[PDB]
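Participant: when you get a sec, could you give me coordinates for this:
(one chain, ligands or ions: 2)
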Amino acid sequence: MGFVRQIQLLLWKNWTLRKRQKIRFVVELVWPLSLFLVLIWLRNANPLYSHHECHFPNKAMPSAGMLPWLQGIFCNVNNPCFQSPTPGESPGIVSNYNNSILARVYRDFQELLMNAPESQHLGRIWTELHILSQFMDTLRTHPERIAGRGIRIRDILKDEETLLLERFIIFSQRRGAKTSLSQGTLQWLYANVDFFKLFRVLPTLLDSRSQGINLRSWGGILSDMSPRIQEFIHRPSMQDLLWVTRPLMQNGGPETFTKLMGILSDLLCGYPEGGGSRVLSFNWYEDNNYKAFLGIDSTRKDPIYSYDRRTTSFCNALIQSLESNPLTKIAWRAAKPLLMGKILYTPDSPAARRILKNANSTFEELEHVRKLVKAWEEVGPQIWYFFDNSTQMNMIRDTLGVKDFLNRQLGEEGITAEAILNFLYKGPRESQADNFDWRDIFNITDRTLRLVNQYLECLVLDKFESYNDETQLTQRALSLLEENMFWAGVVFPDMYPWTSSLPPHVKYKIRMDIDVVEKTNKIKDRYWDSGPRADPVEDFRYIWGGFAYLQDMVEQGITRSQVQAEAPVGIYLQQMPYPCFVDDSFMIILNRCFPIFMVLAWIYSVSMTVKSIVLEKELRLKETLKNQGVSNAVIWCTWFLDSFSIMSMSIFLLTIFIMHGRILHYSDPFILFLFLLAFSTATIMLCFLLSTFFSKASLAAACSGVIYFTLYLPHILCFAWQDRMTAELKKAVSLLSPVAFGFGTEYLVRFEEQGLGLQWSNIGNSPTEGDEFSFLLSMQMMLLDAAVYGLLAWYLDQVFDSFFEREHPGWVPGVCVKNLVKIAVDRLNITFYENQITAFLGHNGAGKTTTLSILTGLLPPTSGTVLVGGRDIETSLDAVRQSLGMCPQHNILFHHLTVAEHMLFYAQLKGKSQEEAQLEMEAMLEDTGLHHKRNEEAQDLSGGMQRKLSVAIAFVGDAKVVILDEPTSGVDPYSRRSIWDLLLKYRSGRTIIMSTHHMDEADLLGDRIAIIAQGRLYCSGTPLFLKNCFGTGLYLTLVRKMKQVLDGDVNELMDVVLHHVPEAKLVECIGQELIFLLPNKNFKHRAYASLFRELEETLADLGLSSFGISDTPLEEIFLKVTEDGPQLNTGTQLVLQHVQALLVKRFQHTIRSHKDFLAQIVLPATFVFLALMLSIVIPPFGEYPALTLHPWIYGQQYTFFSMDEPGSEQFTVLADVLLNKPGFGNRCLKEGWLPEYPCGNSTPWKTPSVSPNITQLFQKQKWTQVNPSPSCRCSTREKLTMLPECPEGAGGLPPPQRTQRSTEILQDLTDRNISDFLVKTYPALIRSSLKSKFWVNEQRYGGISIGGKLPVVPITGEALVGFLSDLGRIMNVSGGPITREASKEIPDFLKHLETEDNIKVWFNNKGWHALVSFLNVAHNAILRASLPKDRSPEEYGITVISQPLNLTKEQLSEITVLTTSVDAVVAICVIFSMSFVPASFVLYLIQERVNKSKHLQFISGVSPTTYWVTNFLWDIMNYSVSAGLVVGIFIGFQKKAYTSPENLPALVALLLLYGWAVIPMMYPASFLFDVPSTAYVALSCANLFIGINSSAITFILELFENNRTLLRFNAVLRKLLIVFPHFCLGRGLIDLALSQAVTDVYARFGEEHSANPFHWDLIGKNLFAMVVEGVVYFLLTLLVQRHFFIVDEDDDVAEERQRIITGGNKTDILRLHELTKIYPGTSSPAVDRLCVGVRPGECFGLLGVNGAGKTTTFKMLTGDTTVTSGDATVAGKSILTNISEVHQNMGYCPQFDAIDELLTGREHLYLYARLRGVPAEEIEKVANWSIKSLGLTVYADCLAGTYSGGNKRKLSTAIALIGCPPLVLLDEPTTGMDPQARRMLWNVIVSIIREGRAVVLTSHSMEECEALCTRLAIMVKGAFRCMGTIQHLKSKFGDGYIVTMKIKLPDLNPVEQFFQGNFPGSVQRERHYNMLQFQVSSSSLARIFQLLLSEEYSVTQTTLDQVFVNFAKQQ
Ligand SMILES: *[C@@H]1O[C@H](CO)[C@@H](O)[C@H](O)[C@H]1NC(C)=O
Ligand SMILES: *[C@@H]1O[C@H](CO)[C@@H](O)[C@H](O)[C@H]1NC(C)=O
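Facilitator: Numbering: from 1, shown residues only. Ligands and ions are numbered 1, 2, ... in the order given. What follows is the structure:
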């Protein structure tokens, strides 16, 4: 035998079959690639974002002064990222602003001019210049000497002597004023007293009032200070200042608002490397925008514009020109509520007033500036006056500057001084001379300072308004907020309007709207992003929204109201640094789309494999191969390798595209191949399992892809609960292989993120930190699911005188049976011989099927043995199957396999090599007469030659024994002979056994016969022996002609046979016939011989046409051995009878069917229920929670601290109330604070332990201060990692730790670099905190750093007004009323600009509320660090709450969109669920359109209108029940908008009209589908493609308020899609929810809205469109159905001329003139002209040559198809105009069975009785009679459809015979009836004809058509070739008189010679041993010339089927 040869063979056939398909083959290799191209377009549409490190500057809170606060607002607007650590994140520094040119200028100034060891002596000059021009230069009132007065006084006095003088005066002074040394002394009675003082030209002795003199103590320093000043101007700092300020003054310089900001930035900020980078965000889905990516613009409407009361005419023009200008319009929107907003402080009481008094320092300090600027309006004119008309300016430097000694002093002056210009630019008034450098420096300062003055008064700086309850606050809040003038509103909940003293725990709320606050639902991003979260606009709403500034101000006030410390500390916020990173947005969609695409790419290749496996099992092609000797395992193992080699060829291309398409960049392309392979191997063994469920191929092909897809959906639910999925639930759910695929895909993507592939090294491990489910478990569980599926499918497949005769010794008995019994076969003993055909009879299986089974070898015997060549089968079960051939009743052929391939396959399977197999095939193709069309497909053969091939296969190889049962069943009489030729040819050397039931076939061929009576041989022998063993006489037939009234005179007919009358005579006389019956017995050759002889010449005299003399039928010899006009309803009553017959017909079918009760009821309810249940997992959003802000709302976490600046006081207690008992924050109060977060117990400081490798690394190696512990590898060029690699080189050693009794873990970072420790240990934290990528917590959120100081301004307060007042007094100003108050606050104004001793807090922006949670901790420790030393600071605290401000009807205009978008999906679920019932109603119509049941209804007369009307009527009422169940489920869920006393009518009407309008829509789909399953799965997809893409597009398309073409599309689709009801139901179920939302936001605040449905605005036009299209479609289905609905032979002449020219019907029933049926056109009509006529009492035959075209005659006669101008009439009317009047006078028995397989036998009769007549009380008796006539009473109540094989045919012949029609059409009314059953039908069909009712018959056999027909007509390609009776036609178109005789040691020499009398014939036909067949002539002379023989004899007439072969022979 073989085991590896069968496999080669089966592989060959399967490979050859999977080549003639060529459209499954192409799809199975192209569809996956067309599915993975989109996944490459998505790779290229989602690029990659990387960035370097980020170090961020810090932000000062108001408590850190005002100058740092405002400078930090302006400098850090964009929050820059700096790549290199900022100067403010150092241990002792906080400032962060060197390198501003305005600080370097100051440093240079203070360095070289000030602190001048050289001079430092301008103090002397100032003291002298002030002591003179304050005391002496005035002299206005004080008294003096002779030479003393205010302005001009002389000295001359005290002279008693009377008075060259001009010469003396000129010598005294040289052009000198009152404001020389010796010349007059040597020229000298005047030198006695008149020279009282020698005070000569020496310049310093005049002011000797009290004490003082100094002359050249001015120039010695005035020439000192020059070169240093010049050098200072030559420093680079002043160079840069002057350079930068060159624009910004020249001509429209500041216009670009990037030059201006650039100048200001380089001047005030100092930031390096360009400024910074501005990291971005890219999320939009944590914020629910849905219009950030969609392109819509998202702005609130700009607020109301109203002129205000008491602001200004400038502060109303600006607010408008700056707001309605669509270029700024947004910055202003954000900045306005801060600088003109307003703050509201509900609990108006003394204590809150004190808090808000102390919380007000910032605005006070900020109006101290407006006063100082208003003072210029007063001091301006005074400076003007002093510099224009003064006694000290133009009277000391313009009226002077001596000018002669002054000129001499100027001669030694500097280079560029210009005393002339120093006089022109020092008092020129009435000049208008011009530069001018004098007044263009003063009018400019006015123009630029009064402008600032009139800008600064727009700011509102009094903004605390009180109230008394929260409701009034909220009312004023929305009133202001619609104007854009609202800051927060503060609420002190636990105090009363009479409270006076503060409790030692104060809490408050900040209530702001939601656009400037973080949402209080979420506290994290749901999906982790790998980015710093440092975007200035979306990620910092607690800063530009002003929440943090107000929080700081109020906490400072609360502290200051109960501590009285008078030593402040400010707060700086610092953001923690972040490492390098890459952000890939593909890895989000890869992780979700890879498994979907992979599962969806095999969805077709799975179904087309279950299809093949089940189909070849449905054609019984598997039990054939199992009988032939093939084990089941080989079958499966070949199926596996068939399916495997196409998966394995598509995988090879998937790998290439995935790798080289850059979907995966670096991942070892061999492991991915070997990973997809396991999925394919599990999939195939799933197909093996799925096949063992189904029994019909078409159903499996549809239900299998659906199961494959459904099995994957658990991964959706396992992609949410990633948290509570342990290791075991991964090891257990992963038995479903498609989820084990996704569980490995996630590790694939997680590895690809890290910069690593899989690389054969990490697949066994996991990056998920000890989750013990590696990547290998996925592979190793798919390769286990395969084994489980295979080994479950295998088992589940398994579970499902004498009578015998003398036998010549010259015969070799090949097969011999020796008493085999089984329990059936009682003492059976027969021998089948060598070359001989044996016809093995027996009724059905009483001894035939059982015995043939053993002879074949299937089953063993019970008692006896069998020999095949002398060797029992039970002993040689295998090698005996070498000779046994066999063929079963059905065909054994493979579709798509050519004929020669069949011969080769079945030759080689028996055991042969290709050589001999090919040789034998070539011999067989020549012996079989199929050498032509040898390479044709096994289908598409004629159908008789399919049987010819199926019986030629049983002979293949060397078959010594052939068993074949009914080889010729069901082929036309011309193909039976073609088959018989084969058997008569291969008969030569092998035995053949031939079970059959055709009785003539057992005789025309067959050499022995055996009859199995009741389990035993009851006869045997040759046919002649059997005829003689029973021996009844001859059958003389006599046929009379006509001249109607033909003939019929038995008087002269019986008289002729009365002379030799034997025994029984006339046995029949049917119309124009005269059958007889006579014995043979006692030879009497002369007697008989003389009869025929004499009759021959005396024939034409009597009137007969001819005569025959047949023997005894073989069927009659086997038959006796086995076990032997009511009136009709019509009219409206008839129609009211039809409409009640059909309803009962459908009702009785639905009760008994349960596969209806599924798709009619169960599925709708379950699917809508699931939709609803997954619709309410979302609650009806309230307003917003409170969310007390404290740092434990995050999980376990690490905090830190850092005592910078130690030893100092107030910091060693601030560092202790923060670590020790009171702890961080506020959780541990002695009393309360949220008894949900408990307090525990602390542990001592404990440094962790370190690997020795590290400790060796640090002390041995030499590090630095700028380069501590080693760096981290960043993304290079092709190894882009998500986060850097970071070796065992973190910040350094682990620092001390602890566990605060809060349960946090703080670590002490004192004396260490923090921005090195934090950037390098972050990845090692979030690698252990990742592993899910949802709701990660990061374990580190903040820490404090106590210390930092910025150097404050050095000059004190009063020391500045002391100087300013003196400067004023020296120049006559004296200020006024405003100035004397602007100088009041100047000593307190300078202590509030900076703080000098202040802390900083570090925050991690990846947790949303973590800024204001640690700001509170800081402000909470500052309180406890300063309260008096006997109050136990464990009790004090402050807590902040948030609570946003109620939404405003436009905020909700988007929560509505986000809320109704789930109801827009429940609507699609409802449509998809309800579109199952109408698709179930259509499968029934398809089932009746095929199998011709509908046509059968129509023939009886059901007038298609009433058929369709009754179907629609039943379908509506059947659908109403499911609709009512859906209404019940909505009422149960009690939802609003659908089940409310005004939404029930809308919902119910909307549900009912849907079915009403959609049922008639899908009726036309019943005319173009012929397989129910394909129709179901092609309607369930249209009712989805039209359900989604019509209900959703309008919804999505309404959210575009612009483009003016999107609305153009929307408003016209909403009118163009109203043609079909899926739209009319989607736009109804969505609108009934939108209206509810809109009428439910109103009821939130007062507004009333009571809109109703049924109003044509929402659901009126829908309910109209449904009613109209529920009728137009129905009329369409009433029309799509209305479109559907020479010479001749010498015996055809009589029928030609009977009714054409004579006209002779006058009583006939089927006048049927020349009818012709021409197709559109091929050559000629299939039916040509034909004339026939049927009399009342005879059965027409109408045989017809097969294929020539006969069925078309019945099609025309039954109205099935259309005639081409014929003429056919029935008894009273015609066939062309009154067809409904001729379809009640005829039955019709279809060739194929047309019965509903769910009712029963009896109610088919009930139905068809009702469909025609039979009033109500007679149906009972009519149906009773019909059941017993045909013999059905045993089975008459057992669901036709279980009826075996002939009860169906009996039923069809019963219902065709109901009532009493005068015409009956029978089409092959006996097909699978055993030979006893046929008689019980033929008797009936003769009983009718005896009554005068005609019958037209048709059959493939020539037996029945000979048994009960009275005339025939053979049809050939034309019309006719004969008419007349049987006997009349045998002779007129045949020959015959076969003669047989046994030669009584026999020899056959003398017989041939003695046939000397009979030469014209004698073809001899046979001779085995002594039997002699012969065809003599037809003169019946043999009967007289046989009485001198030489034993037995016989002379029969040729059979009727010999005539048919003769007619069909020529064609
Ligand atoms: C501005 O200053 C100039 C001095 O250059 C003076 O003449 C003039 O009156 C001032 N006012 C105006 C409006 O120019
Ligand atoms: C801290 O409290 C007590 C101290 O008496 C200690 O025994 C206990 O184990 C610690 N933890 C808790 C939760 O009490």
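Participant: now residue 976: closest residue in space, sequence neighbours ignored.
Facilitator: The shortest distance from residue 976 to any residue that is not its chain neighbour, by Cβ to Cβ, 6 or more residues apart in numbering, is 4.7 Å, and that residue is residue 968. Quick note: C-beta positions are derived from backbone N, CA and C, even for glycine.
Participant: any idea how far residue 1346 is from residue 1433?
Facilitator: Distance of residue 1346 to residue 1433, computed by Cβ to Cβ, to the nearest Å: 16 Å.
Participant: okay, these two: which has more neighbours?
Facilitator: Set side by side, residue 1346 and residue 1433 give different neighbour counts by other Cβ atoms under 10 Å, the larger being at residue 1346 (24 against 20).
Participant: in contact with that one, which residues?
Facilitator: With contacts defined as Cβ atoms under 8 Å, 6 or more residues apart in numbering, residue 1346 is in contact with 1201-1205, 1211, 1214-1215, 1218, 1399.
Participant: next one: residue 109
Facilitator: Applying Cβ under 8 Å, 6+ apart to residue 109 gives the contacts residue 232.
Participant: renumber starting at 877 from here on
Facilitator: Let's use 877 as the start, then, which means that last one is residue 985.
Participant: which SS state does it fall under?
Facilitator: The assignment at residue 985 comes out as helix when based on DSSP: H, G, I helix; E, B strand; the rest coil.
Participant: now residue 2081
Facilitator: Going by three-state DSSP, the secondary structure assigned to residue 2081 is coil.
Participant: look up phi and psi at it.
Facilitator: Phi and psi for residue 2081, reported as degrees, to the nearest 10, are phi 50, psi 80.
Participant: leaving out chain neighbours, which residue sits closest to it?
Facilitator: Spatially, and ignoring its direct neighbours in sequence, residue 2081 is nearest to residue 2223 (3.6 Å; Cβ to Cβ, 6+ apart).
Participant: burial count for the one you found?
Facilitator: The local packing of residue 2223 (other Cβ under 10 Å) involves 22 other residues.
Participant: my guess is it is in a strand, correct?
Facilitator: No - secondary structure of residue 2223, determined by three-state DSSP: coil, with no strand assignment.
Participant: for it, list the residues it contacts.
Facilitator: Counted by Cβ under 8 Å, 6+ apart, residue 2223 has contacts 967-968, 2078-2082, 2087, 2275.
Participant: which SS class is the most centrally placed residue in the chain?
Facilitator: What sits nearest the mean C-alpha location of the chain, by Cα atoms, centre = their mean, is residue 1472, with 8.4 Å. In the three-state summary, residue 1472 is assigned as helix, counting by three-state DSSP.
Participant: pretty sure the residue nearest to residue 1852 sits against residue 1823.
Facilitator: Yes - under the criterion of Cβ atoms under 8 Å, residue 1844 is in contact with residue 1823, at a separation of 7.0 Å.
Participant: and those two? which has more neighbours close in?
Facilitator: Regarding residue 1844 and residue 1823, a neighbour count based on other Cβ under 10 Å identifies residue 1823 as having more, with 25 against 22.
Participant: which element is the more buried one on?
Facilitator: Secondary-structure assignment from DSSP states H and E places residue 1823 in helix 1821-1828.
Participant: that helix packs against which elements?
Facilitator: Packing contacts for helix 1821-1828, counted by 3 or more Cβ pairs under 8 Å, 6 or more residues apart in numbering; DSSP states H and E, involve helix 1775-1787, helix 1849-1861.
Participant: of the ones you listed, flag the one that's most buried.
Facilitator: Sort the helices and strands packed on helix 1821-1828 by mean neighbour count, taking mean count of other Cβ atoms under 10 Å, and helix 1775-1787 sits at the top with a mean of 21.
Participant: okay, angle between it and helix 1821-1828 too, please.
Facilitator: For helix 1775-1787 against helix 1821-1828, the angle by axes from the mean of the first three to the mean of the last three Cα atoms, to 10 degrees is 20 degrees.
Participant: from the chain's centroid, how far away is helix 1775-1787?
Facilitator: Going by Cα atoms, centre = their mean, to the nearest Å, the spacing between the C-alpha centre of helix 1775-1787 and its chain's C-alpha centre is 49 Å.
Participant: next, the buried residues of the helix or strand following that helix.
Facilitator: Read in the C-terminal direction, the helix or strand following helix 1775-1787 is helix 1790-1803, with elements assigned using DSSP H and E. Within helix 1790-1803, the residues that qualify as buried by neighbour count (16 or more other Cβ atoms under 10 Å) are 1793-1794, 1796-1797, 1800-1801.
Participant: repeat for stretch 903-912
Facilitator: Buried residues in stretch 903-912, counting neighbours by 16+ other Cβ under 10 Å, are found at 904, 907-908, 911-912.
Participant: closest to residue 1814 out of those residues?
Facilitator: Set against residue 1814, the nearest of the buried residues of stretch 903-912 by Cβ to Cβ is residue 904 (23.7 Å).
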